[PDB]
Amino acid sequence: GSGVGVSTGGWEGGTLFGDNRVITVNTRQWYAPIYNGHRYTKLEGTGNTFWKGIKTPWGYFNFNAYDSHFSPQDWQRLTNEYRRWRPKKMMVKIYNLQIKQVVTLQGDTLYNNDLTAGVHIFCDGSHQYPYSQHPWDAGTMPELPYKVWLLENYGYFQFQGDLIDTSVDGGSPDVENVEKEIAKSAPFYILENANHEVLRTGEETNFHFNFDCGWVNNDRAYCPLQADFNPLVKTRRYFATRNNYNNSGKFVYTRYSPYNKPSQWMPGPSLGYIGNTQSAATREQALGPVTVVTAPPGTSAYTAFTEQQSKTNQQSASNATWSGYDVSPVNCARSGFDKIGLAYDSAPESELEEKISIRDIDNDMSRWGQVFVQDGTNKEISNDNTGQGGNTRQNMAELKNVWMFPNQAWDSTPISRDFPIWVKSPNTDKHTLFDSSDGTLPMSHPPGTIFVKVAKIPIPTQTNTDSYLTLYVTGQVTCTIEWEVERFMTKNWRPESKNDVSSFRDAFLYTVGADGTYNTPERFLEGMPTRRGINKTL
Amino acid sequence: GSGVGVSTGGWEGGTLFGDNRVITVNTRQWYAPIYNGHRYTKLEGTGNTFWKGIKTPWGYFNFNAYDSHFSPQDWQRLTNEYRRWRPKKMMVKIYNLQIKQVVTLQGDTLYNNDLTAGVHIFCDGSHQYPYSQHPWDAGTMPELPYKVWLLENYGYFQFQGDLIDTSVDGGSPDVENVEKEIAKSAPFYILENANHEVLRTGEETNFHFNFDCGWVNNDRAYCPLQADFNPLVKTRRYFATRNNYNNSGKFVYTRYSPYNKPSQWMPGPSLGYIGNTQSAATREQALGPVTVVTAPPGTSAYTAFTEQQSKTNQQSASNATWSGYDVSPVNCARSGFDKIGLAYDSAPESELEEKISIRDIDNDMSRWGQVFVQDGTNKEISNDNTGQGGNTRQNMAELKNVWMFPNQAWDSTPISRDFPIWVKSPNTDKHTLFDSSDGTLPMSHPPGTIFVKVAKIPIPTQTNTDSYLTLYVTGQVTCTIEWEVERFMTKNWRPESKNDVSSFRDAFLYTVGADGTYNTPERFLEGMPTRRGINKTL
Amino acid sequence: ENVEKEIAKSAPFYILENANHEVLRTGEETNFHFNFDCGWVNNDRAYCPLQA
Amino acid sequence: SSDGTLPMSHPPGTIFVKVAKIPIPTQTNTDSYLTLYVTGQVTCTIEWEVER
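Residue numbers (the deposited numbering), protein chains in the order written: chain A, 34 to 571; chain B, 34 to 571; chain C, 209 to 260; chain D, 469 to 520.
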């Protein structure tokens, strides 16, 4: 029935492919140590960074990656057989809890099971506590179901080091000092305010969640946005040409070629900034296409001066890297820069080799390589009537920076097997269109973070100082996501490109080696990206 | 409603993929000329061949190929997504009939439509008429739905030229002459004995058929039949070893290695004969692994002598090619010889280039490369006791010819997109196991052949000699086959090899060229063979 | 690894004979219906600058 | 749209027409088709939603 000696659950796993739904059940073996010695402590970054925050005696389940949910073949069969997919509903189950005590009886350490020790488990569904989980973090659910998963210590941003800096001395209150105020109005969160469960070995718990999100599109456009037309018909439109290069000139009109027709569809947005590669040795300064210094109006961030035009505190571009936070990749709809923004490793905690994979391959023609703008004649106009031309002029130029504009249509980046699934959309009042250059699906309320700490069992002391019993929790978590899928249909005659393994460069991959080392892809193609062969009529 | 000016049907096409069923609808534009001038005539092969038969004023719909039913992508999606398939039921519809008359009013020829001209359409479901349709014939339904399809003239074998040869003179009856009797008991078939429809432009017809057949398996074995075992456990079996090489010897026993264990599963049958490559210039002599001379006991075939042991007429191996019929490929379960038996062209009626494709790639490990047999010690035994060995002896030998034996298990050849679907199983009393080295599925009663001729409209003549009106039939045929399919399921972790186009050597393929020439694969991999990536636990 | 080789491989080719469609003769006819979902076309002008 | 058009997700479906291919028997077996064309009448009726 129930008790210390009957299991709360069993190992579930596998996948079910279906026409309208895919259901991926996954179970892992996890354990949570005592984090930070059961205490909230101020987290300050070493080196030069002004990030300051709280380190928390808690740890959390991060379920956000694809490769954690799909196996390599479940991924392949997913991307090959389906046009698009999104999650519908997720159900996590935390069970088979076991709490072990760590005692050192001698030089040796012995691990004996202490019943009646609890574990705190808290799912924040309302997101009342800071959501500090980031996509592209190394603490997600392991892709190998037989690897044990160590939960990650939780912590959160609190205040900005250089926005608390100036004149914050506590001698007397300064109400007009704005940096004094930022530090005063900075929050501090404690997870013991919240109602949450305490479980023992016999107890279990589970959580359900219903996604509301966009799709993940697996099909490619074979045609440029502007190239889809019929050369067999002649167009009705003419293009203007200046004739005499002077004031007496006028535009003379001649018909476009059938093979060159104008279009109403602009290129999707992009920023032509590739990020800083200066060979800077500091890893914590901002190296990124767009670095953003958040400072409130009265504040002085790091070393700041007043621009005398606006009389506002501003920074030099070199100092800003200290005070600011980069955003990458910003390339958005430009596929020419795919290689710039994303580079990542699959292998967690492996000091053996880097195995850095970069997104090289995109065959989707709805994403553009370059945009050129051409504003007139190649030679400046003479101010007199008659006359011949003038000083030479730059007719054409590359547009590096393409912002959002009407009639823009593009496709999001192809995602590999190991990417994050979703990203937390900010709780700000205003949002523009959601397109993530890392391919993630921003959601207003993503799955609530599940926090775990180990109940604190005190040790009586004569000195009355805090002494806690050293013990940890291990258990089993089953994450079952239900995925809404769409099978593709096409009238295309020719065969599509399917993400075969034959294109892999390394023969032995997704398999263990002699010593048990699981071989993972070091390349983006070997990660079986989406948007490969399935053609999409423009 | 009905009449000369309303169409009997419409163009149907496409495909429907489903979990349990795939339905491929295909429509073509066909035409049948007047075959052989409305007369049955004796068909005799030029060159040296004894094949003799009838040429018939009829033509027929041949629906047997895969590439006619599936498009290149329908094939790819079929082979990638499904474990096995077989046909369930076929429905053909012959409609939009149009009969045109060919008249030459002058040097010019003009084509005018003659109403009230019939067309004969006969489906032989009972197979009461010779089934002369062969797999690997060039007259099947075109793979391109927009190509017009010329039906093939029908004809059938009647008697064997060298089994009618000797002493067949009609001076007096010889009842003891057996070759005289073969010619007497040879059949002659006429398709005007059979009930069949005569249609005009307003009329249509259709036919239904229900397949009863085996499957077509798309999955491969990754393991040799004999290699599946657990080296972690030590076997209980010992192998014998002769010790002293003489009469006093005996077998001494020692345990197999854990990595080498005996098996009960024999290799599937094969014949190690690769066929004759002598650079013979005669195309109609038998070049094939097994050539079979059918002669009844009393008959003398070509140049024959009496073997004096059995006192029966026999032939020399060189003369037999004249009198006999090869069977290819005979390799059956040996995949080492895949390259030998099958070579074929996709491109019909194209004198431009050969484009000969040969089946090279088979990764299925249930098919064996070689079989070796080893019968004892390496040195002949001395007849005395004591003594040392003897004359040297051949311990091991290759078994070239492996017949059918108990506990044999193997897999049929992987088939490409363009192969025949089925083959007519003979109406003989006895049959062994059905395994076709061309991959076809033998059926007792395959789809009944649909015959078409154009009604003969006479021309009055003073000389009373036979003169017929020159006119032909064009129409539309819709073949709809329903396929029973099985989606694969696997616990395999690693990604499977999917028949991507990326492995194709030619980039422009399955697409028209500048002059409209449809580019077809010249290689076997580019034809997307079955049994590629889907793994089958042995 | 040649990407341009791949673009040519993954380029589609369409044939309109794959699709179910009607074949008509002189006596036959056909018709088609469609329901638009679209914005408007505005025929009125603003006489004032946005900022005036 | 700077040309004033109304972009629609699914505009009216394109109506395709070809003339059935009627073959001509040939000794050389090369493709020879009968030369003929189609004429007809098409009535397009659009219903427009308006605002006075």
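Backbone N, C-alpha and C define an ideal beta-carbon position, used for all residues, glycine too.
One finds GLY43, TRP44, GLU45 and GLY46 in chain B with Cβ atoms closer than 9 Å to the Cβ of C/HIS229, taken in chain order. A distance below 9 Å separates the beta carbons of B/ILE492 and B/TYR501. In the structure shown, A/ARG450 adopts coil according to DSSP, grouped into three states. Here B/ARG110 has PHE50 as same chain residues with Cβ atoms under 7 Å from its own Cβ, once five neighbours each way along the sequence are excluded. The DSSP-derived three-state label of B/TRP108 is helix. Between B/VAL285 and B/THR268, the C-beta spacing is not below 9 Å. Looking at B/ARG54, B/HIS167 and B/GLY36, the one whose alpha-carbon comes closest to that of B/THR482 is B/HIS167.
Rounded to whole angstroms, A/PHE370 and A/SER303 show a C-alpha spacing of 9 Å.
Contact annotation for C/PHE221 against chain A: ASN525, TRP526 and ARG527 [CB-CB distance below 8 Å, chain order].
Using a 10 angstroms sphere on the CB of B/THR137, the tally of other CB atoms stays under 16, which defines it as exposed.
For B/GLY374, the secondary structure class from DSSP, reduced to helix, strand or coil, is helix.
Residue pairing by DSSP places B/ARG367 opposite B/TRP401 in a beta bridge. Residues of the stretch 539 to 562 of chain A with a Cβ closer than 9 Å to any Cβ of chain B, in chain order: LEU542, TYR543, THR544 and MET561. Annotation note: the stretch 290 to 373 of chain B contains the following uninterrupted alpha helix (DSSP H) runs of length 4 or greater, listed N- to C-terminal: 350 to 356. For D/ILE492, the nearest CB of chain B lies under 9 Å from its own CB, placing it at the interface with that chain.
Per DSSP, B/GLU529 lies in no alpha helix (DSSP H) segment and is marked neither H nor E. Comparing C-alpha distances from B/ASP157 to each of B/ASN129, B/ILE67, B/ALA260 and B/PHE94 shows the shortest one belongs to B/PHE94.
Contact residues of the stretch 293 to 304 of chain A toward chain D are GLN297 (C-beta to C-beta distance below 8 Å). Annotation for B/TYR278: no beta strand (DSSP E) segment contains it, and DSSP assigns it neither H nor E.
Apart from the 5 residues on each side of it in sequence, A/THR511 sits with its Cβ closer than 6 Å to the Cβ of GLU45, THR60 and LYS126 in its chain, given in chain order. In this structure, the CA atom of B/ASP252 is about 25 Å from the CA atom of A/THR563. Under the criterion of beta carbons closer than 8 Å, A/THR345 and A/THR339 qualify as touching, at roughly 7 Å. Identification of chain B residues near C/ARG233 by a Cβ-Cβ cut-off of 8 Å yields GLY38, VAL39 and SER40, ordered along the chain. A distance below 9 Å separates the beta carbons of A/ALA334 and A/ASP195.
Chain order gives the chain C residues near B/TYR179 as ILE223 and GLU225, where near means a beta carbon separation below 7 Å.
Contact note: D/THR473 reaches chain A through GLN297, using a C-beta cutoff of 8 Å and chain order.
A residue is called buried when at least 16 other Cβ atoms come within 10 angstroms of its Cβ; A/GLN193 meets this threshold and is buried.
Within chain C, the residues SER218 have their CB atoms less than 8 Å from the CB of A/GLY566, given in chain order. Counting along the chain, B/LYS180 sits inside no alpha helix (DSSP H), nor does DSSP assign it H or E at all. Restricting attention to A/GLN191, A/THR523 and A/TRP63, the CA atom closest to the CA of A/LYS88 is found in A/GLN191.
Interface residue (Cβ-Cβ distance to chain C less than 9 Å): B/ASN532 is not classified as such. Chain A has a Cβ within less than 9 Å of the Cβ of B/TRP108. In summary, the residues of the stretch 97 to 130 of chain B whose CB is separated from some CB of chain C by less than 8 Å are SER104 and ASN129, in the order they occur in the chain. In the DSSP assignment, B/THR511 is bridged to B/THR60 and B/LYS126. In the DSSP assignment, B/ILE87 falls outside any alpha helix (DSSP H) and lies within the beta strand (DSSP E) extending over 84 to 94. At least 9 Å separates the CB of B/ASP444 from every CB of chain A.
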